[PDB]
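Q: Chains A, B, C, D, E and F are the protein sequences, given in the same order. The opening residue of the first sequence carries number 455 in this note's numbering; numbering runs sequentially from there. The opening residue of the second sequence carries number 1448 in this note's numbering; numbering runs sequentially from there. The opening residue of the third sequence carries number 81 in this note's numbering; numbering runs sequentially from there. The opening residue of the fourth sequence carries number 14 in this note's numbering; numbering runs sequentially from there. The opening residue of the fifth sequence carries number 31 in this note's numbering; numbering runs sequentially from there. The opening residue of the sixth sequence carries number 265 in this note's numbering; numbering runs sequentially from there. For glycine and all other residues, C-beta sits at the position ideal for the given N, C-alpha and C.
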Amino acid sequence: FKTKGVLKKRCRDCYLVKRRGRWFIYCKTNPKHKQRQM
Amino acid sequence: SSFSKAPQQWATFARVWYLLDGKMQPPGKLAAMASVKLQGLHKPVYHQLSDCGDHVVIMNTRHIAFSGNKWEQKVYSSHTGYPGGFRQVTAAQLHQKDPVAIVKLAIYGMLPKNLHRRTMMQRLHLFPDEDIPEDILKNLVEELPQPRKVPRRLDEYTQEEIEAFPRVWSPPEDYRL
Amino acid sequence: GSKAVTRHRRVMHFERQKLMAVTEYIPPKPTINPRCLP
Amino acid sequence: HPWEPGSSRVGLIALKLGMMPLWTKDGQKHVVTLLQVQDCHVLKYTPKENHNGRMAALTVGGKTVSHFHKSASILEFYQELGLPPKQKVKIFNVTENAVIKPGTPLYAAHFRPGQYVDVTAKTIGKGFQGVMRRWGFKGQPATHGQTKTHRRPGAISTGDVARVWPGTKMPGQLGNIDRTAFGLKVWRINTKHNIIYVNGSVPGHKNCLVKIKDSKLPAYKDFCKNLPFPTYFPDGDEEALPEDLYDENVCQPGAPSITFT
Amino acid sequence: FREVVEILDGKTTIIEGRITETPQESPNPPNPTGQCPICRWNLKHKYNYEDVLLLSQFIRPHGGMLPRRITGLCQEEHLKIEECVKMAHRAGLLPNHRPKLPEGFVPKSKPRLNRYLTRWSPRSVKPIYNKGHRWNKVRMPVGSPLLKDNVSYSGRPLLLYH
Amino acid sequence: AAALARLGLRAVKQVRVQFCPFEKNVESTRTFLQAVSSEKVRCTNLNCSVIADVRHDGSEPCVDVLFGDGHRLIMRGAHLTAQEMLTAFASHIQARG
RNA sequence: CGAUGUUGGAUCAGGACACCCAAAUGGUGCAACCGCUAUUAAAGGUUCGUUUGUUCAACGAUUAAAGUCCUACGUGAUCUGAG
RNA sequence: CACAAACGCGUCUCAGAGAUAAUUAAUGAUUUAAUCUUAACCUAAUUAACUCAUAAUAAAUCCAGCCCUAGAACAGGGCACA
Ligand SMILES: [Mg+2]
Ligand SMILES: [Mg+2]
Ligand SMILES: [Mg+2]
Ligand SMILES: [Mg+2]
Ligand SMILES: [Mg+2]
Ligand SMILES: [Mg+2]
Ligand SMILES: [Mg+2]
Ligand SMILES: [Mg+2]
Ligand SMILES: [Mg+2]
Ligand SMILES: [Mg+2]
Ligand SMILES: [Mg+2]
Ligand SMILES: [Mg+2]
Ligand SMILES: [Mg+2]
Ligand SMILES: [Mg+2]
Ligand SMILES: [Mg+2]
Ligand SMILES: [Mg+2]
Ligand SMILES: [Mg+2]
Ligand SMILES: [Mg+2]
Ligand SMILES: [Mg+2]
Ligand SMILES: [Mg+2]
Ligand SMILES: [Mg+2]
Ligand SMILES: [Zn+2]
Ligand SMILES: [Zn+2]
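1) Have a look at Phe478(A), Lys486(A), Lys472(A), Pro485(A) and flag the residue whose alpha-carbon is nearest the alpha-carbon of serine 151(E).
2) Starting from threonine 63(E), find everything on chain C with Cβ-Cβ shorter than 7 Å and list it in chain order.
3) Can you name, in chain order, every residue of its own chain whose Cβ lies under 8 Å from the Cβ of residue 364(F), other than the five neighbours on each side?
4) Straight-line CA distance for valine 1522(B) to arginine 1600(B)?
5) At a CB-CB cut-off below 8 Å, which residues of chain E make contact with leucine 344(F)?
6) Go ahead and label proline 98(D) buried or exposed: buried means 16 or more other beta carbons lie within 10 angstroms of its beta carbon, across all protein chains shown.
7) Do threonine 37(D) and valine 263(D) have their C-beta atoms within less than 8 Å of each other?
8) If we ignore side chains and look at the alpha-carbon of each, how far apart do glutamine 298(F) and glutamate 1603(B) end up?
9) Going along the region 179-203 of chain D in order, which residues come within less than 8 Å of chain B, judged by CB to CB distance?
10) Go through the region 35-95 of chain E residue by residue and report every complete run of the beta strand (DSSP E) that reaches 3 residues or more, in order.
11) Just to check, is the beta-carbon of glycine 167(D) closer than 7 Å to a non-hydrogen atom of ligand 4?
12) Which partner residues of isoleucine 111(E) appear in the DSSP bridge assignment?
13) For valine 50(D), collect the residues of the same chain with a Cβ closer than 6 Å to its Cβ; drop the 5 residues on either side in sequence, then sort them by chain order.
14) With 16 as the cutoff for other CB atoms within 10 Å, does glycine 1500(B) come out buried or exposed?
15) Skipping 5 residues on each side, what residues in its chain have a beta carbon closer than 7 Å to that of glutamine 159(D)?
16) How many Å lie between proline 125(E) and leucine 84(E) at the Cα?
17) From this set, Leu1466(B), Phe1460(B), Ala1453(B), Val1492(B), which residue's C-alpha is nearest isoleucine 1579(B)'s C-alpha?
18) Pull out every residue of the region 455-486 of chain A whose Cβ sits closer than 9 Å to any Cβ of chain E, in chain order.
19) With a CB to CB cut of under 7 Å and the five nearest residues on each side skipped, what residues in its chain are close to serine 228(D)?
20) Got a sec, what are the start and stop residues for the alpha helix (DSSP H) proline 1454(B) sits in?
21) Kindly indicate the opening and closing residues of the beta strand (DSSP E) around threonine 72(D).
22) Count the other CB atoms within 10 Å of the CB of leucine 38(E); is the residue buried (16 or more) or exposed (fewer)?
23) The alpha helix (DSSP H) that contains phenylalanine 353(F), what's its start and end?
24) Going by DSSP, name the residue or residues bridged to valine 215(D).
25) Do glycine 47(E) and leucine 273(F) come within 8 Å of each other at the CB atom, strictly closer than that value?
26) By the three-class DSSP mapping on this structure, what secondary structure does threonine 295(F) have?
27) Which residues of chain A have a Cβ atom closer than 7 Å to the Cβ of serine 154(E), listed in chain order?
28) Using 8 Å as the limit for Cβ to Cβ distance, is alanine 1539(B) near chain E?
29) Just mark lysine 83(C) as buried or exposed, buried being the case when its beta carbon has 16 or more other beta carbons within 10 Å.
30) Quick one: using the 10 Å Cβ neighbour count with 16 as the cut-off for buried, is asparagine 65(D) buried or exposed?
31) Let me see if you follow: with CB-CB separation under 8 Å, is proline 1575(B) close to chain D or not?
32) Evaluate contact between the region 159-174 of chain E and the region 1506-1526 of chain B, counting only Cβ atoms and requiring at least three cross-stretch pairs below 8 Å.
33) Buried or exposed, going by whether 16 or more other CB atoms sit within 10 Å of the CB of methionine 1568(B)?
34) May I ask you to verify whether the region 69-84 of chain D touches the region 101-112 of chain D, counting CB pairs closer than 8 Å and requiring at least 3?
35) Listing by chain order, which chain B residues have their CB less than 8 Å from the CB of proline 125(E)?
36) Hey, is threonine 160(D) close to ligand 4, as in C-beta under 7 Å from one of its heavy atoms?
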């Protein structure tokens, strides 16, 4: 996970989800694409 | 109008006991009227140096309600005075611990900040549910109207009222629920 | 005192703030929304 | 009543005698405290709702004292009881199935060897003490040119705060005050003189009174089921106890004189 | 309203659709030319989170919102109704629209805190420890800004933050 | 049709689809047919046959699927939606097999 | 400026968290052991010596670790006076 | 350790439950698939704090003298055996 100010999908497999009052990027194929909006 | 002097004066400055139901009410709106009655600002004879202020009995305090997310956001802070004795507590926690706390702090916050505040806090009586010492029950003159109108849930409505309100849209018979 | 032009956005004299707040754009509001019209 | 799982017994009031060595079959040496129960009676009973709203409260008396030097109120209290006045009186929280009748004697056999107890007393009064003995501050060095500072607390606070905080450790009274030793094993019981041999050291000066109960430490919680419970009654069994009761790890005053093999 | 039934008989499973009776739109709407369901009943800017009789008409027996193209709501009003339904759920209205789970009714939790007009979800909100002074103040949201166009009889605008 | 390919249809014996083209309600069953008949699902196992029964009069569309659990899953699409049939098919025929 | 006595130590430490250790996790060019990163967490810890007046710094030996800082570069009506 | 004591370099003891953040999951709508949900309902797994069980204290008013393992003073414990 990386906390970022701007979220963007790094591949076609990333999906974008709102949890715990934040936005997130989860990716099943490349876990390295995980992002948490600050 | 014709009374002797002593009983006249006694009647005028008489203390009165009000009852206030708290179920589903915001602690603030409760505390507003509680405050007014406590200071005796509802009496045309009011003055700051006259002791006039009335007893207020608030009940069902446990069932108090909080608009918005305040249960989560609002924090009550206090400090024991010892280093590292600073304590912040979410309203939910405080209320979970001591049912009377929330409404009490609100009322204590809305009274004037002088010394009389400590006295008129002694004329406040807070009960978490409705169990009241019969002693205090026998003092009650009247019950103040609750400051928030409580909306009924869906199961509270009579079938008459349910059928009296229009079906707004017509669902397709194919669609599944 | 600060130069007329500056980097940091320069707090206005209060009266000027009032002036700005009064003169804000007000969009015309139709009596009926064109969408809920036929 | 029979023993329920979450139940708690009465305690005792004993007299700290002194200390003694004692050995265990593994060869190790322990030191024990002798606590003698002198005259112990339950005095009054406060029911559950009248006290904590949780547990009942028994009141227990310590050793006998002179009539003459107590107070009228107290003398009346014992008068209506029928005991002579007790020196020390303490209160025990008790589950309502454990209650006894005021005016009942309590003996040392109330605790069986191997068990854990808690002992409470006033610690040895060391009086008004400095900051080194009371707290354990280092002092300042003795010799290298320090002037009149060798013991003093040093700086007592911050510059900005401009006051000194309420917690601050400072010279003051040390020791006459109540503490509790926990998790003490009881090794031996002398039934003739009513003496409990506890493990380690118990707070108080020798010959002071002391308050014993079962250990409230979590590990030992349910240990009560094997114990004489409401309490011990030398009357009821109609069979005497041995002079002494021992734990199974204890080398006795006469014995094989251990040989490893 | 179409129920789907499933039966297990002797290592053969039967799944079949079955149609029940759907209640119909009430006979005489006030603004028949009106496009959207809310609007032809003149309910625009009138219903609040508090009006359940209206809200329960769009949702599922298990409590979730009905999709828009089925209902036919103007997009804006759909969003409004959704907000209101969330708020109403949280307020402890519509107790019968939850899913039924025979085990979980038994394990009590601390009695439900009474709340109303709650914009966020209780689990998602950090306690505000720092408040802040008069000039920079952290305000606590109440109700939703989607409703800021409701008709005000007092004339003062609704207070959305305290 | 993609969710069936991922799920390894090889646990199935015989799949037939009986429907009546001139009825108004048969679109769902047809969608199911074209989802099972696709090359992915068809090539997951060659031991499975897919039969299309086409009648005018039968008037009731149906889907019957046998598999090696000794199981027979019969779903009658009438008022059933395509992806409801496919989801039922998936959770039924995968979890068992 | 009709005085707000100044470096480093000593003593006692109050606080922040931008975490050095202890706890819970995400990512790895993460096989394992090590690591490198990132999130959350401040209740408790954070060594002894040789030389320098020294803070830094070098070096010896260790540690679970030998944190970064604020407090009139905390603390001289408590000490020191090497500078 | 030349007072009967004080003392360390010596001896003894030291704890349950709830609560959470990040992060993982289960059911499932808006968006009849999905989806841990600033959607509901029940939910699970989960740091430290922090609360709390529990423990401690807890007899209103005899007190001249004298003694004290109690104490600066004031207080406090003893003074019927023997
Ligand atoms: Mg200028
Ligand atoms: Mg002393
Ligand atoms: Mg020294
Ligand atoms: Mg000198
Ligand atoms: Mg000098
Ligand atoms: Mg000297
Ligand atoms: Mg100050
Ligand atoms: Mg000067
Ligand atoms: Mg001056
Ligand atoms: Mg510190
Ligand atoms: Mg941090
Ligand atoms: Mg670590
Ligand atoms: Mg620290
Ligand atoms: Mg500086
Ligand atoms: Mg300085
Ligand atoms: Mg200095
Ligand atoms: Mg100074
Ligand atoms: Mg679904
Ligand atoms: Mg999944
Ligand atoms: Mg407590
Ligand atoms: Mg006395
Ligand atoms: Zn990706
Ligand atoms: Zn509309």
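A: Straight from the coordinates:
1) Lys472(A)
2) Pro118
3) Only positions 265 to 361 of chain F appear in this structure, which leaves residue 364(F) out of reach.
4) 29 Å
5) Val34, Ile45, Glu46, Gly47
6) Looking at its Cβ environment, which holds 16 or more other Cβ atoms inside 10 Å, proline 98(D) is buried.
7) yes
8) 50 Å
9) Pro179, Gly180
10) 42-49
11) Distance from the C-beta of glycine 167(D) to the nearest heavy atom of ligand 4 is not below 7 Å.
12) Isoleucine 111(E) pairs with nothing; no bridge assigned.
13) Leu25, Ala27, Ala121, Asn207
14) buried
15) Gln153
16) 15 Å
17) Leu1466(B)
18) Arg473, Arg474, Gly475, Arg476
19) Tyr129, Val130, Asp131, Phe195, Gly196
20) Annotation for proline 1454(B): the continuous alpha helix (DSSP H) segment containing it runs 1452-1459.
21) 69-74
22) exposed
23) That run of the alpha helix (DSSP H) goes 346-359.
24) Bridge partners of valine 215(D): none, in fact.
25) The criterion of a C-beta distance shorter than 8 Å is not satisfied by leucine 273(F) and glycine 47(E).
26) helix
27) Those are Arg474, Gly475, listed as they occur along chain A.
28) Residue-level contact check: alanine 1539(B) touches chain E, since one or more beta carbons of chain E fall below 8 Å from its beta carbon.
29) With fewer than 16 other CB atoms across the displayed protein chains lying within 10 angstroms of its CB, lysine 83(C) is exposed.
30) exposed
31) no
32) yes
33) exposed
34) yes
35) Within 8 Å Cβ-Cβ: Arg1600, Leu1601, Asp1602.
36) yes
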